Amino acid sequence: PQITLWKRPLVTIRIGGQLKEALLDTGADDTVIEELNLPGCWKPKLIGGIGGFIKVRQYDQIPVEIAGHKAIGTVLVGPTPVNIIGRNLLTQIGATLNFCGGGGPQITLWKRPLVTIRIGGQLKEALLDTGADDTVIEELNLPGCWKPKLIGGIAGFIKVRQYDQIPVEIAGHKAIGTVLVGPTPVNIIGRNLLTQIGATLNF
């Protein structure tokens, strides 16, 4: 299919013989699912995101059907806020990110989808994250009025400053919208701006 990003890219998956809902997440290296039992042995791991880290159980070589497409790979199980399908399985099902519906660059998911952005007259690197509702940029002295906000990721919540109507050029494509500024470990471009540049998931 081709999936646009006006809504969360939620899909049904089948795993261990059970159906679950999960978010297609280009900003996640790995696939993380809420607590459940999986056949096979597991080992302890920690994974991170906004706010730090959680403990998970790593299961290897798990079959997962994702919208009807087969994958067999690593599934982390633990207290994630949302079930996410990460790049390890997205690559198996042939998923790419495409600008302007495929008229623009195609970004494969073998490595983190990092691109150059321009914001407040600065160039920065940022991750295209279909699993992010909002755009979050590392602490940056933007002039202007802001409102406080809290946003939440794998390890908890962080406090950010919300600025509205900020232009953000993404790989040469002009967007304008809300930007959150705070202590993120990676600058994140979320769906609010991805939709403006016609970015789609395709597989």
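The numbering used is simple: start at 1 and walk along the sequence shown.
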{"query": "Comparing 187 to 195 with 11 to 19, the one whose average Cα B-factor in the PDB entry is higher", "finding": "11 to 19"}
{"query": "Stretch exceeding the other in mean C-alpha B-factor - 39 to 47, 148 to 156", "finding": "39 to 47"}
{"query": "Ranked C-alpha temperature factor of residue 172 among modelled chain residues, by third", "finding": "highest"}
{"query": "Within-chain third of residue 28 by Cα B-factor, per the entry", "finding": "lowest"}
{"query": "Chain thirds of CA B-factor: placement of residue 131", "finding": "lowest"}
{"query": "Third of the chain, ranked by Cα B-factor, where residue 101 sits", "finding": "middle"}
{"query": "Chain-wide C-alpha B factor ranking for residue 54, given as lowest, middle or highest third", "finding": "lowest"}
